[PDB]
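Colleague: What follows is target.txt, compact mmCIF, C-alpha atoms.
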```
# COMPACT_ATOMS: atom_id res chain seq x y z
CA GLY L 90 99.95 118.03 161.81
CA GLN L 91 98.80 114.76 163.38
CA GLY L 92 96.89 112.18 161.34
CA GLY L 93 96.94 113.57 157.82
CA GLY L 94 95.85 111.33 154.94
CA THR L 95 95.85 111.56 151.14
CA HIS L 96 92.21 112.53 150.54
CA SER L 97 93.13 114.24 147.26
CA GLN L 98 96.08 113.90 144.88
CA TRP L 99 97.44 116.36 142.30
CA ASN L 100 98.17 115.80 138.61
CA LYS L 101 99.87 117.80 135.84
CA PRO L 102 97.48 120.42 134.44
CA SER L 103 95.39 119.68 131.35
CA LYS L 104 95.18 121.80 128.19
CA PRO L 105 92.71 124.69 128.57
CA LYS L 106 89.21 123.99 127.21
CA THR L 107 89.52 127.02 124.90
CA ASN L 108 87.02 127.22 121.97
CA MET L 109 85.11 130.04 123.70
CA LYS L 110 85.36 132.81 121.09
CA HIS L 111 86.58 133.71 117.59
CA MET L 112 86.91 130.19 116.14
CA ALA L 113 87.56 131.38 112.57
CA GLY L 114 90.72 133.29 111.61
CA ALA L 115 94.39 133.01 112.65
CA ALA L 116 97.25 132.10 110.26
CA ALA L 117 98.13 134.50 107.43
CA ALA L 118 95.39 136.60 105.80
CA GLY L 119 95.03 138.35 102.44
CA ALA L 120 95.06 136.54 99.09
CA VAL L 121 97.97 138.65 97.76
CA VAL L 122 99.91 135.44 97.18
CA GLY L 123 101.35 134.37 93.82
CA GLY L 124 102.52 131.11 95.32
CA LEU L 125 100.71 127.97 96.35
CA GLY L 126 100.08 129.42 99.83
CA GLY L 127 100.94 126.53 102.16
CA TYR L 128 103.68 124.67 100.30
CA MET L 129 107.44 124.19 100.14
CA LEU L 130 109.95 123.14 97.47
CA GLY L 131 112.79 120.64 97.80
CA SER L 132 116.20 120.25 96.23
CA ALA L 133 116.91 118.70 92.88
CA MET L 134 117.64 115.10 92.18
CA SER L 135 119.73 113.70 89.41
CA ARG L 136 117.28 114.49 86.61
CA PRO L 137 115.33 111.33 85.73
CA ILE L 138 114.75 110.00 82.22
CA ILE L 139 111.25 108.73 81.53
CA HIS L 140 110.87 105.36 79.82
CA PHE L 141 107.45 105.35 78.17
CA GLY L 142 108.30 102.57 75.75
CA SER L 143 106.83 104.49 72.84
CA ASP L 144 109.60 105.79 70.58
CA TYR L 145 108.04 109.20 70.28
CA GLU L 146 107.59 109.92 73.94
CA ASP L 147 110.99 108.86 75.29
CA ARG L 148 112.62 110.67 72.37
CA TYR L 149 110.66 113.88 72.54
CA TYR L 150 110.73 114.19 76.35
CA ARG L 151 114.47 114.71 76.19
CA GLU L 152 114.16 117.45 73.55
CA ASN L 153 112.21 119.93 75.69
CA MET L 154 113.72 118.86 78.99
CA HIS L 155 115.22 122.32 79.67
CA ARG L 156 111.65 123.72 79.98
CA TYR L 157 110.69 121.13 82.61
CA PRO L 158 111.52 121.38 86.33
CA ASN L 159 114.16 119.28 88.04
CA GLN L 160 112.79 119.99 91.53
CA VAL L 161 109.48 119.01 93.16
CA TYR L 162 107.25 120.50 95.85
CA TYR L 163 106.60 118.69 99.14
CA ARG L 164 103.70 118.34 101.58
CA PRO L 165 103.15 117.16 105.16
CA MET L 166 102.01 113.63 106.04
CA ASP L 167 98.96 115.23 107.70
CA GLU L 168 97.09 114.92 104.42
CA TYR L 169 95.22 111.75 103.33
CA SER L 170 96.38 108.31 104.56
CA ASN L 171 99.24 106.75 102.56
CA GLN L 172 103.04 106.56 103.04
CA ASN L 173 103.32 107.88 99.49
CA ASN L 174 100.62 110.54 100.09
CA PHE L 175 102.97 113.47 99.51
CA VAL L 176 104.38 111.96 96.29
CA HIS L 177 101.68 112.15 93.66
CA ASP L 178 100.34 115.24 95.40
CA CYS L 179 103.57 117.15 94.73
CA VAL L 180 103.43 115.90 91.16
CA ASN L 181 100.33 117.99 90.45
CA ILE L 182 101.41 121.01 92.46
CA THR L 183 104.92 121.30 91.05
CA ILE L 184 103.47 121.90 87.59
CA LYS L 185 100.96 124.54 88.81
CA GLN L 186 103.66 127.17 89.27
CA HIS L 187 106.01 125.91 86.55
CA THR L 188 103.61 125.94 83.60
CA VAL L 189 102.62 129.58 84.24
CA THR L 190 106.25 130.75 84.40
CA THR L 191 106.30 130.98 80.57
CA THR L 192 102.76 132.43 80.19
CA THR L 193 104.09 135.78 81.40
CA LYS L 194 105.43 136.04 77.80
CA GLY L 195 102.22 134.76 76.23
CA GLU L 196 103.90 131.40 75.64
CA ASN L 197 102.37 128.09 76.74
CA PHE L 198 103.06 124.35 76.87
CA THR L 199 101.28 122.09 74.39
CA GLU L 200 99.27 119.14 75.68
CA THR L 201 102.24 116.87 75.03
CA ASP L 202 104.73 119.16 76.78
CA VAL L 203 102.46 119.77 79.76
CA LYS L 204 102.06 115.98 80.15
CA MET L 205 105.82 115.56 79.85
CA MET L 206 106.17 118.08 82.69
CA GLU L 207 103.71 116.11 84.83
CA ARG L 208 105.67 112.94 84.08
CA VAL L 209 109.18 114.07 85.15
CA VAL L 210 107.94 114.99 88.57
CA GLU L 211 106.46 111.50 89.23
CA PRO L 212 109.75 109.67 89.76
CA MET L 213 111.16 112.80 91.45
CA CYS L 214 108.41 112.91 94.10
CA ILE L 215 109.05 109.24 94.99
CA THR L 216 112.86 109.61 95.13
CA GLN L 217 112.40 111.26 98.52
CA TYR L 218 111.06 107.92 99.81
CA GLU L 219 113.90 106.09 98.01
CA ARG L 220 116.51 108.12 99.92
CA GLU L 221 115.13 106.70 103.18
CA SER L 222 113.95 103.35 101.74
CA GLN L 223 116.83 101.75 103.65
CA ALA L 224 114.98 102.67 106.88
CA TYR L 225 112.22 100.37 105.58
CA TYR L 226 114.39 97.58 104.06
CA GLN L 227 117.04 97.28 106.77
CA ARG L 228 114.24 97.16 109.35
CA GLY L 229 113.59 93.54 108.42
CA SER L 230 117.26 92.67 108.04
CA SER L 231 118.10 93.93 111.54
CA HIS L 232 116.43 95.35 114.63
CA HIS L 233 116.93 99.13 114.21
CA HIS L 234 118.76 100.28 117.38
CA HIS L 235 117.22 103.79 117.29
CA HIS L 236 113.98 103.73 119.32
CA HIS L 237 110.55 104.21 117.75
```
Please lay out the structure from this file as structure tokens.
Modeller:
Amino acid sequence: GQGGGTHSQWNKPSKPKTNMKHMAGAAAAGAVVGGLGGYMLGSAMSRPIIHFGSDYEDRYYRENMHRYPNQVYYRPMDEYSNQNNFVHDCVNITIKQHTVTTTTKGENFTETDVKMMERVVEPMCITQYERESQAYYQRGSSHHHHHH
């Protein structure tokens, strides 16, 4: 047609407003879960050796080591605000499932053993960062060519 003129202009559509009904729910339902619900487990690392400095603790840790896990849980970065957020979180959680694995026989871990369990998982949770620590270190040494 003659004349014309851009009196209006289009744009890509926006997300729907939603939030109209049934706000609660979704996801899985039913507490018939023997696991931690919303968690995952990672592969083993080369089993660490704790170095407490006290003769008793470094000695004794290695005696019961077969009862302690050599794998740790993992969590998303969505939680809290720290690069290491997932680390000390998986420390606590890893032991949750592992300490009960013996209680099915009526056995338990003593205070010392349960603390030893909690201690092995500390350097194991941070080794995940160590595996990519070069992405942090080399970043200063050279301009990383992969975009970010």
Colleague: Which polymer residues have any atom within 6 Å of an atom of range 149-164 of chain L, counting only C-alpha atoms, with same-chain residues fewer than 3 positions away left out, as a list in words?
Modeller: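 Residues near the query, excluding close chain neighbours: residues 129, 130, 131, 132, 133, 136, 145, 146, 175, 179, 183 and 206 of chain L.
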Colleague: So, with all atoms listed in the file as the atoms that count, which of L:126, L:91, L:109, L:201 lies closest to residue 147 in chain L?
Modeller: L:201
Colleague: Could you check how far CA of residue 187 in chain L sits from CA of residue 119 in chain L, in Å to one decimal?
Modeller: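 Separating CA of residue 187 in chain L from CA of residue 119 in chain L is a distance of 23.0 Å.
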Colleague: How many Å separate CA of residue 178 in chain L from CA of residue 226 in chain L?
Modeller: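 These atoms are spaced 24.2 Å apart.
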Colleague: State, in Å with one decimal place, the distance from CA of residue 210 in chain L to CA of residue 197 in chain L.
Modeller: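 About the pair CA of residue 210 in chain L and CA of residue 197 in chain L: they are 18.5 Å apart.
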Colleague: Would you mind completing range 141-167 of chain L so that it carries N, CA and C atoms, and writing it out as a PDB file, keeping the file's coordinate frame?
Modeller:
```pdb
ATOM      1  N   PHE L 141     108.842 105.629  78.544  1.00  0.00           N
ATOM      2  CA  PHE L 141     107.450 105.350  78.170  1.00  0.00           C
ATOM      3  C   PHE L 141     107.345 104.027  77.440  1.00  0.00           C
ATOM      4  N   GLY L 142     108.317 103.766  76.576  1.00  0.00           N
ATOM      5  CA  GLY L 142     108.300 102.570  75.750  1.00  0.00           C
ATOM      6  C   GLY L 142     107.917 102.918  74.329  1.00  0.00           C
ATOM      7  N   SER L 143     107.169 103.999  74.156  1.00  0.00           N
ATOM      8  CA  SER L 143     106.830 104.490  72.840  1.00  0.00           C
ATOM      9  C   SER L 143     108.007 105.328  72.371  1.00  0.00           C
ATOM     10  N   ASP L 144     108.397 105.151  71.117  1.00  0.00           N
ATOM     11  CA  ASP L 144     109.600 105.790  70.580  1.00  0.00           C
ATOM     12  C   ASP L 144     109.493 107.286  70.651  1.00  0.00           C
ATOM     13  N   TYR L 145     108.307 107.777  70.344  1.00  0.00           N
ATOM     14  CA  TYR L 145     108.040 109.200  70.280  1.00  0.00           C
ATOM     15  C   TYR L 145     108.231 109.856  71.627  1.00  0.00           C
ATOM     16  N   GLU L 146     107.649 109.266  72.650  1.00  0.00           N
ATOM     17  CA  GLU L 146     107.590 109.920  73.940  1.00  0.00           C
ATOM     18  C   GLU L 146     108.934 109.978  74.648  1.00  0.00           C
ATOM     19  N   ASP L 147     109.679 108.880  74.634  1.00  0.00           N
ATOM     20  CA  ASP L 147     110.990 108.860  75.290  1.00  0.00           C
ATOM     21  C   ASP L 147     111.946 109.774  74.527  1.00  0.00           C
ATOM     22  N   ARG L 148     111.786 109.822  73.210  1.00  0.00           N
ATOM     23  CA  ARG L 148     112.620 110.670  72.370  1.00  0.00           C
ATOM     24  C   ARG L 148     112.319 112.126  72.668  1.00  0.00           C
ATOM     25  N   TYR L 149     111.067 112.499  72.473  1.00  0.00           N
ATOM     26  CA  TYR L 149     110.660 113.880  72.540  1.00  0.00           C
ATOM     27  C   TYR L 149     110.784 114.482  73.931  1.00  0.00           C
ATOM     28  N   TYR L 150     110.569 113.693  74.974  1.00  0.00           N
ATOM     29  CA  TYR L 150     110.730 114.190  76.350  1.00  0.00           C
ATOM     30  C   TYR L 150     112.075 114.872  76.536  1.00  0.00           C
ATOM     31  N   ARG L 151     113.104 114.253  75.984  1.00  0.00           N
ATOM     32  CA  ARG L 151     114.470 114.710  76.190  1.00  0.00           C
ATOM     33  C   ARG L 151     114.793 115.956  75.382  1.00  0.00           C
ATOM     34  N   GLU L 152     113.968 116.263  74.392  1.00  0.00           N
ATOM     35  CA  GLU L 152     114.160 117.450  73.550  1.00  0.00           C
ATOM     36  C   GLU L 152     113.792 118.752  74.249  1.00  0.00           C
ATOM     37  N   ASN L 153     112.733 118.719  75.038  1.00  0.00           N
ATOM     38  CA  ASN L 153     112.210 119.930  75.690  1.00  0.00           C
ATOM     39  C   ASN L 153     112.593 119.984  77.144  1.00  0.00           C
ATOM     40  N   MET L 154     113.390 119.024  77.578  1.00  0.00           N
ATOM     41  CA  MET L 154     113.720 118.860  78.990  1.00  0.00           C
ATOM     42  C   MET L 154     114.149 120.130  79.738  1.00  0.00           C
ATOM     43  N   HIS L 155     114.780 121.066  79.041  1.00  0.00           N
ATOM     44  CA  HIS L 155     115.220 122.320  79.670  1.00  0.00           C
ATOM     45  C   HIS L 155     114.035 123.202  80.124  1.00  0.00           C
ATOM     46  N   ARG L 156     112.841 122.953  79.599  1.00  0.00           N
ATOM     47  CA  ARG L 156     111.650 123.720  79.980  1.00  0.00           C
ATOM     48  C   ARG L 156     110.950 123.081  81.180  1.00  0.00           C
ATOM     49  N   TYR L 157     111.379 121.890  81.567  1.00  0.00           N
ATOM     50  CA  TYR L 157     110.690 121.130  82.610  1.00  0.00           C
ATOM     51  C   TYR L 157     111.480 121.217  83.925  1.00  0.00           C
ATOM     52  N   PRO L 158     110.774 121.278  85.070  1.00  0.00           N
ATOM     53  CA  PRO L 158     111.520 121.380  86.330  1.00  0.00           C
ATOM     54  C   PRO L 158     112.262 120.131  86.738  1.00  0.00           C
ATOM     55  N   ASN L 159     113.330 120.352  87.494  1.00  0.00           N
ATOM     56  CA  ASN L 159     114.160 119.280  88.040  1.00  0.00           C
ATOM     57  C   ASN L 159     114.085 119.293  89.568  1.00  0.00           C
ATOM     58  N   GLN L 160     113.048 119.930  90.094  1.00  0.00           N
ATOM     59  CA  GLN L 160     112.790 119.990  91.530  1.00  0.00           C
ATOM     60  C   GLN L 160     111.296 119.751  91.694  1.00  0.00           C
ATOM     61  N   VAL L 161     110.890 119.273  92.860  1.00  0.00           N
ATOM     62  CA  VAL L 161     109.480 119.010  93.160  1.00  0.00           C
ATOM     63  C   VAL L 161     109.107 119.676  94.480  1.00  0.00           C
ATOM     64  N   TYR L 162     107.819 119.937  94.627  1.00  0.00           N
ATOM     65  CA  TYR L 162     107.250 120.500  95.850  1.00  0.00           C
ATOM     66  C   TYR L 162     107.183 119.380  96.878  1.00  0.00           C
ATOM     67  N   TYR L 163     106.823 119.705  98.111  1.00  0.00           N
ATOM     68  CA  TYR L 163     106.600 118.690  99.140  1.00  0.00           C
ATOM     69  C   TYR L 163     105.457 119.108 100.045  1.00  0.00           C
ATOM     70  N   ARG L 164     104.862 118.127 100.714  1.00  0.00           N
ATOM     71  CA  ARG L 164     103.700 118.340 101.580  1.00  0.00           C
ATOM     72  C   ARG L 164     103.838 117.547 102.869  1.00  0.00           C
ATOM     73  N   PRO L 165     103.104 117.947 103.924  1.00  0.00           N
ATOM     74  CA  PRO L 165     103.150 117.160 105.160  1.00  0.00           C
ATOM     75  C   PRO L 165     102.391 115.845 105.054  1.00  0.00           C
ATOM     76  N   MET L 166     102.691 114.932 105.966  1.00  0.00           N
ATOM     77  CA  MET L 166     102.010 113.630 106.040  1.00  0.00           C
ATOM     78  C   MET L 166     100.631 113.736 106.695  1.00  0.00           C
ATOM     79  N   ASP L 167     100.255 114.948 107.072  1.00  0.00           N
ATOM     80  CA  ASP L 167      98.960 115.230 107.700  1.00  0.00           C
ATOM     81  C   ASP L 167      97.802 114.963 106.750  1.00  0.00           C
TER      82      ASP L 167
END
```
